[PDB]
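Raw data_19.cif, mmCIF, C-alpha atoms:
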```
data_work
loop_
_atom_site.label_atom_id
_atom_site.label_comp_id
_atom_site.auth_asym_id
_atom_site.auth_seq_id
_atom_site.Cartn_x
_atom_site.Cartn_y
_atom_site.Cartn_z
CA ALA X 1 -2.02 48.29 -14.83
CA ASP X 2 -0.86 50.00 -17.95
CA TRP X 3 -1.65 53.67 -18.12
CA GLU X 4 -4.45 53.40 -20.69
CA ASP X 5 -6.30 50.72 -18.74
CA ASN X 6 -6.06 52.82 -15.58
CA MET X 7 -7.40 55.85 -17.44
CA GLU X 8 -10.29 53.71 -18.66
CA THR X 9 -11.05 52.60 -15.09
CA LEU X 10 -11.14 56.26 -14.05
CA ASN X 11 -13.36 57.12 -17.01
CA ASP X 12 -15.70 54.16 -16.58
CA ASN X 13 -16.17 54.62 -12.84
CA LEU X 14 -17.13 58.26 -13.38
CA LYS X 15 -20.12 57.12 -15.45
CA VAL X 16 -20.83 54.45 -12.82
CA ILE X 17 -20.89 57.05 -10.04
CA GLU X 18 -23.39 59.22 -11.92
CA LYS X 19 -25.74 56.30 -12.60
CA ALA X 20 -25.24 55.10 -9.03
CA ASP X 21 -28.33 54.96 -6.84
CA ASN X 22 -26.83 53.71 -3.56
CA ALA X 23 -23.90 54.53 -1.32
CA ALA X 24 -22.11 51.20 -1.77
CA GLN X 25 -22.00 51.68 -5.54
CA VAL X 26 -20.50 55.17 -5.18
CA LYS X 27 -17.94 54.08 -2.59
CA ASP X 28 -16.93 51.07 -4.71
CA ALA X 29 -16.50 53.24 -7.80
CA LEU X 30 -14.48 55.85 -5.87
CA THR X 31 -12.31 53.10 -4.37
CA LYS X 32 -11.65 51.74 -7.85
CA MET X 33 -10.81 55.26 -9.06
CA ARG X 34 -8.38 55.88 -6.20
CA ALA X 35 -6.60 52.60 -6.94
CA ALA X 36 -6.52 53.38 -10.66
CA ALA X 37 -5.18 56.89 -10.10
CA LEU X 38 -2.39 55.62 -7.86
CA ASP X 39 -1.53 52.84 -10.30
CA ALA X 40 -1.61 55.24 -13.24
CA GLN X 41 1.06 57.33 -11.50
CA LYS X 42 3.32 54.24 -11.58
CA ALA X 43 2.78 53.75 -15.31
CA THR X 44 4.37 55.30 -18.37
CA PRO X 45 2.14 57.12 -20.84
CA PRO X 46 3.58 57.60 -24.35
CA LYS X 47 4.64 61.18 -23.79
CA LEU X 48 6.83 60.14 -20.81
CA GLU X 49 8.74 57.19 -22.29
CA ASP X 50 11.71 59.43 -23.15
CA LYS X 51 11.58 61.64 -20.05
CA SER X 52 13.94 61.45 -17.08
CA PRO X 53 12.43 60.36 -13.74
CA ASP X 54 13.19 63.78 -12.21
CA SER X 55 12.11 65.75 -15.29
CA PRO X 56 9.56 68.55 -14.83
CA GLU X 57 7.27 66.55 -17.11
CA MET X 58 7.38 63.56 -14.76
CA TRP X 59 6.79 65.81 -11.76
CA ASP X 60 3.88 67.47 -13.55
CA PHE X 61 2.48 64.01 -14.30
CA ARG X 62 2.79 62.97 -10.65
CA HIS X 63 1.25 66.27 -9.56
CA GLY X 64 -1.82 65.65 -11.67
CA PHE X 65 -2.42 62.21 -10.26
CA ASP X 66 -1.59 63.06 -6.66
CA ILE X 67 -4.13 65.91 -6.84
CA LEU X 68 -6.64 63.52 -8.44
CA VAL X 69 -6.08 61.00 -5.64
CA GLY X 70 -6.53 63.84 -3.14
CA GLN X 71 -9.85 64.75 -4.77
CA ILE X 72 -11.03 61.14 -4.82
CA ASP X 73 -10.11 60.92 -1.14
CA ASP X 74 -12.27 63.95 -0.43
CA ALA X 75 -15.15 62.35 -2.36
CA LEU X 76 -14.71 59.22 -0.23
CA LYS X 77 -14.81 61.48 2.84
CA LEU X 78 -18.16 62.87 1.73
CA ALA X 79 -19.48 59.43 0.83
CA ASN X 80 -18.51 58.04 4.22
CA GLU X 81 -20.04 61.05 5.95
CA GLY X 82 -23.32 60.02 4.34
CA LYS X 83 -23.28 62.89 1.84
CA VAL X 84 -23.46 60.66 -1.21
CA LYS X 85 -25.03 63.25 -3.51
CA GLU X 86 -22.17 65.61 -2.61
CA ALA X 87 -19.72 62.77 -3.20
CA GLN X 88 -21.19 62.15 -6.63
CA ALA X 89 -20.93 65.86 -7.43
CA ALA X 90 -17.30 65.89 -6.27
CA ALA X 91 -16.54 62.89 -8.50
CA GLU X 92 -18.32 64.34 -11.54
CA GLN X 93 -16.19 67.44 -11.20
CA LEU X 94 -13.15 65.25 -11.90
CA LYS X 95 -14.24 64.38 -15.43
CA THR X 96 -12.62 67.31 -17.23
CA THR X 97 -9.36 66.85 -15.31
CA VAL X 98 -9.27 63.10 -15.97
CA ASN X 99 -10.01 63.75 -19.65
CA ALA X 100 -7.43 66.56 -19.80
CA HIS X 101 -4.75 64.31 -18.32
CA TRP X 102 -5.82 61.50 -20.67
CA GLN X 103 -5.15 63.70 -23.72
CA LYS X 104 -2.03 65.48 -22.42
CA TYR X 105 0.03 62.29 -22.07
CA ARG X 106 -1.50 60.33 -24.99
CA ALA B 1 8.64 57.07 11.14
CA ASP B 2 5.85 58.36 13.28
CA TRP B 3 3.56 61.17 12.26
CA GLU B 4 5.05 63.72 14.67
CA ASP B 5 8.60 63.24 13.34
CA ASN B 6 7.39 63.59 9.75
CA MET B 7 5.45 66.77 10.57
CA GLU B 8 8.62 68.15 12.16
CA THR B 9 10.49 67.25 8.96
CA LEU B 10 7.96 69.13 6.84
CA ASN B 11 8.19 72.10 9.19
CA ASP B 12 11.97 72.30 9.29
CA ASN B 13 12.52 71.73 5.57
CA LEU B 14 10.15 74.61 4.83
CA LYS B 15 12.64 76.85 6.66
CA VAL B 16 15.48 75.17 4.74
CA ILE B 17 13.79 76.07 1.44
CA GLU B 18 13.16 79.62 2.64
CA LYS B 19 16.86 80.17 3.42
CA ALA B 20 18.29 78.19 0.50
CA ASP B 21 20.76 79.85 -1.87
CA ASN B 22 20.97 77.10 -4.50
CA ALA B 23 18.72 74.81 -6.50
CA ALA B 24 19.93 71.49 -5.10
CA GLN B 25 19.18 72.65 -1.54
CA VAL B 26 15.58 73.46 -2.49
CA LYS B 27 15.16 70.28 -4.51
CA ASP B 28 16.53 68.07 -1.73
CA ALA B 29 14.42 69.76 0.94
CA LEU B 30 11.34 69.27 -1.25
CA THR B 31 12.39 65.65 -1.75
CA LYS B 32 12.61 65.20 2.02
CA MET B 33 9.22 66.89 2.41
CA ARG B 34 7.68 64.57 -0.19
CA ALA B 35 9.02 61.50 1.62
CA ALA B 36 7.85 62.88 4.96
CA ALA B 37 4.37 63.64 3.61
CA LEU B 38 3.94 60.21 2.03
CA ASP B 39 5.32 58.46 5.09
CA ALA B 40 3.07 60.62 7.28
CA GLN B 41 0.08 59.60 5.18
CA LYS B 42 0.71 55.91 5.89
CA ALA B 43 0.58 56.71 9.62
CA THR B 44 -2.32 57.13 12.00
CA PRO B 45 -2.14 60.63 13.52
CA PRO B 46 -2.82 61.08 17.24
CA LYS B 47 -6.21 62.73 16.75
CA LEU B 48 -7.48 59.70 14.77
CA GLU B 49 -6.11 56.76 16.79
CA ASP B 50 -9.66 55.96 17.96
CA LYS B 51 -11.18 56.05 14.43
CA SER B 52 -11.85 53.37 11.84
CA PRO B 53 -9.33 53.46 8.95
CA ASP B 54 -12.33 53.79 6.59
CA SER B 55 -13.71 56.68 8.65
CA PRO B 56 -14.49 60.02 6.97
CA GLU B 57 -11.94 61.62 9.26
CA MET B 58 -9.26 59.25 7.95
CA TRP B 59 -10.23 60.00 4.33
CA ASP B 60 -10.01 63.70 5.14
CA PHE B 61 -6.59 63.08 6.67
CA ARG B 62 -5.47 61.20 3.56
CA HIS B 63 -6.91 63.93 1.33
CA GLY B 64 -4.88 66.60 3.12
CA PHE B 65 -1.61 64.80 2.72
CA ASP B 66 -2.36 63.77 -0.86
CA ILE B 67 -2.96 67.43 -1.72
CA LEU B 68 0.25 68.38 0.12
CA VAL B 69 2.22 65.77 -1.86
CA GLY B 70 0.60 67.06 -5.04
CA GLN B 71 1.79 70.59 -4.24
CA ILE B 72 5.30 69.40 -3.35
CA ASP B 73 5.29 67.66 -6.75
CA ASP B 74 4.55 70.96 -8.43
CA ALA B 75 7.31 72.71 -6.48
CA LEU B 76 9.70 69.94 -7.58
CA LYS B 77 8.42 70.47 -11.13
CA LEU B 78 9.33 74.15 -10.84
CA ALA B 79 12.70 73.45 -9.19
CA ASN B 80 13.63 70.93 -11.90
CA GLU B 81 12.65 73.49 -14.51
CA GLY B 82 15.26 75.66 -12.81
CA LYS B 83 12.75 78.20 -11.51
CA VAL B 84 13.94 78.08 -7.91
CA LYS B 85 12.37 81.42 -6.96
CA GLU B 86 9.04 80.01 -8.19
CA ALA B 87 9.75 76.73 -6.39
CA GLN B 88 10.40 78.65 -3.18
CA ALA B 89 7.14 80.55 -3.65
CA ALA B 90 5.21 77.31 -4.17
CA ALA B 91 6.85 75.87 -1.06
CA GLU B 92 5.79 78.91 1.00
CA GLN B 93 2.20 78.22 0.04
CA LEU B 94 2.59 74.83 1.74
CA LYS B 95 3.70 76.26 5.10
CA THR B 96 0.06 77.20 5.61
CA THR B 97 -1.31 73.76 4.76
CA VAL B 98 1.45 71.93 6.67
CA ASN B 99 0.73 73.95 9.80
CA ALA B 100 -3.04 73.58 9.40
CA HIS B 101 -2.78 69.81 9.04
CA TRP B 102 -0.41 69.58 11.99
CA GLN B 103 -2.82 71.60 14.17
CA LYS B 104 -5.86 69.56 13.08
CA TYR B 105 -4.45 66.08 13.70
CA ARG B 106 -1.88 66.52 16.49
#
```
Go through the file and emit its structure as structure tokens.
Amino acid sequence: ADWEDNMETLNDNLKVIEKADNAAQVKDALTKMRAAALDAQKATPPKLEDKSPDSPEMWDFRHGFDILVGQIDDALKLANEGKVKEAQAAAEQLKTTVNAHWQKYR
Amino acid sequence: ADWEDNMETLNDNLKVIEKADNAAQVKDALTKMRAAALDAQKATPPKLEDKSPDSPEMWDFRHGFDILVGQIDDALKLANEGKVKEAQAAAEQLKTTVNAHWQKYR
């Protein structure tokens, strides 16, 4: 539940989704990502330790993770529709944003 | 806390933000919208009462409100930066998505 471990779970489950061959594996990885993205929004990365809870920086942080959760939800939509290849593509598109957020708040 | 009340809250606070003449008014209305959107996302909307909670339609529902929350976050970012004109503009962009979600799931 600290921010780095949640970012790792996001990062690791991206690789898992790409190597995934079946729908259960993709859905499991997306479910783990959604949980990790919501838990990461409750955590404090180093660049936010000294920032007020209503600071623009905190709101920008929350924005990034709420959008990420929204995108993982849409990937879960596709997966549950039986469009698993589309769901994997949707997830893979998150890699640069996950990595960008990882570095921004490091 | 049902979905209809929360959608009404999103609707009416959009007009509050439109007519606001000070920063606290916009920030509080966005705060009320955020609470309404998150509370509305925990609910089951009328259109989906007959659907599994793991259904693609429910993930699409969750995706829409997660994106909406994400956008409210960014408007609160802007308002707390003291760019209330920009916050108002960002909030106007939600009136479209609020109304579309209300129409889809009512």
Please report as JSON lines every residue of chain B lying within 10 Å of chain X, along with the nearest atom pair and their distance in Å (one decimal), using only C-alpha atoms.
```
{"residue": "B:54", "atom": "CA", "partner": "X:80", "partner_atom": "CA", "distance": 7.9}
{"residue": "B:55", "atom": "CA", "partner": "X:80", "partner_atom": "CA", "distance": 6.7}
{"residue": "B:56", "atom": "CA", "partner": "X:77", "partner_atom": "CA", "distance": 4.4}
{"residue": "B:57", "atom": "CA", "partner": "X:77", "partner_atom": "CA", "distance": 7.0}
{"residue": "B:58", "atom": "CA", "partner": "X:77", "partner_atom": "CA", "distance": 7.9}
{"residue": "B:59", "atom": "CA", "partner": "X:77", "partner_atom": "CA", "distance": 5.0}
{"residue": "B:60", "atom": "CA", "partner": "X:77", "partner_atom": "CA", "distance": 5.8}
{"residue": "B:61", "atom": "CA", "partner": "X:73", "partner_atom": "CA", "distance": 8.8}
{"residue": "B:62", "atom": "CA", "partner": "X:73", "partner_atom": "CA", "distance": 6.6}
{"residue": "B:63", "atom": "CA", "partner": "X:70", "partner_atom": "CA", "distance": 4.5}
{"residue": "B:64", "atom": "CA", "partner": "X:70", "partner_atom": "CA", "distance": 7.0}
{"residue": "B:65", "atom": "CA", "partner": "X:70", "partner_atom": "CA", "distance": 7.7}
{"residue": "B:66", "atom": "CA", "partner": "X:70", "partner_atom": "CA", "distance": 4.8}
{"residue": "B:67", "atom": "CA", "partner": "X:70", "partner_atom": "CA", "distance": 5.3}
{"residue": "B:68", "atom": "CA", "partner": "X:67", "partner_atom": "CA", "distance": 8.6}
{"residue": "B:69", "atom": "CA", "partner": "X:66", "partner_atom": "CA", "distance": 6.7}
{"residue": "B:70", "atom": "CA", "partner": "X:63", "partner_atom": "CA", "distance": 4.6}
{"residue": "B:71", "atom": "CA", "partner": "X:63", "partner_atom": "CA", "distance": 6.9}
{"residue": "B:72", "atom": "CA", "partner": "X:63", "partner_atom": "CA", "distance": 8.0}
{"residue": "B:73", "atom": "CA", "partner": "X:63", "partner_atom": "CA", "distance": 5.1}
{"residue": "B:74", "atom": "CA", "partner": "X:63", "partner_atom": "CA", "distance": 5.8}
{"residue": "B:75", "atom": "CA", "partner": "X:59", "partner_atom": "CA", "distance": 8.7}
{"residue": "B:76", "atom": "CA", "partner": "X:59", "partner_atom": "CA", "distance": 6.6}
{"residue": "B:77", "atom": "CA", "partner": "X:56", "partner_atom": "CA", "distance": 4.3}
{"residue": "B:78", "atom": "CA", "partner": "X:56", "partner_atom": "CA", "distance": 6.9}
{"residue": "B:79", "atom": "CA", "partner": "X:56", "partner_atom": "CA", "distance": 8.1}
{"residue": "B:80", "atom": "CA", "partner": "X:56", "partner_atom": "CA", "distance": 5.6}
{"residue": "B:81", "atom": "CA", "partner": "X:56", "partner_atom": "CA", "distance": 5.8}
{"residue": "B:82", "atom": "CA", "partner": "X:56", "partner_atom": "CA", "distance": 9.3}
```
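You will find CA of residue 89 (chain X) at 16.9 Å from CA of residue 32 (chain X).
The residues returned by the PyMOL selection byres ((chain X and resi 26) around 9) on the shown structure are residues 13, 16, 17, 18, 20, 21, 22, 23, 24, 25, 27, 28, 29, 30, 31, 76, 79, 84, 87 and 88 of chain X.
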Could you tell me which residues the PyMOL selection byres ((chain X and resi 99-105) around 9) grabs in this file, written as a short mmCIF file (atom, residue, chain, number, x, y, z; two decimals) with C-alpha atoms, keeping the file's coordinate frame?
```
data_model
loop_
_atom_site.label_atom_id
_atom_site.label_comp_id
_atom_site.auth_asym_id
_atom_site.auth_seq_id
_atom_site.Cartn_x
_atom_site.Cartn_y
_atom_site.Cartn_z
CA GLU X 4 -4.45 53.40 -20.69
CA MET X 7 -7.40 55.85 -17.44
CA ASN X 11 -13.36 57.12 -17.01
CA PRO X 45 2.14 57.12 -20.84
CA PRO X 46 3.58 57.60 -24.35
CA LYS X 47 4.64 61.18 -23.79
CA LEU X 48 6.83 60.14 -20.81
CA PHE X 61 2.48 64.01 -14.30
CA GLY X 64 -1.82 65.65 -11.67
CA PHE X 65 -2.42 62.21 -10.26
CA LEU X 94 -13.15 65.25 -11.90
CA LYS X 95 -14.24 64.38 -15.43
CA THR X 96 -12.62 67.31 -17.23
CA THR X 97 -9.36 66.85 -15.31
CA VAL X 98 -9.27 63.10 -15.97
CA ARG X 106 -1.50 60.33 -24.99
#
```
- residue 39 (chain B) environment, 9 Å, only C-alpha atoms, sequence neighbours closer than 4 positions dropped, as a PyMOL selection string: chain B and resi 1-3+6+34-35+43
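When CA of residue 33 (chain X) is paired with CA of residue 10 (chain X), their separation reads 5.1 Å.
Computed from the coordinates, the CA of residue 14 (chain X) to CA of residue 40 (chain X) distance equals 15.8 Å.
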What box, with edges along x, y and z, holds each listed atom of region 28-33 of chain B when 8 Å is added on every side, and can you state its centre and edge lengths in Å to one decimal, as JSON?
```
{"center_x": 12.9, "center_y": 67.5, "center_z": 0.3, "size_x": 23.3, "size_y": 20.6, "size_z": 20.2}
```
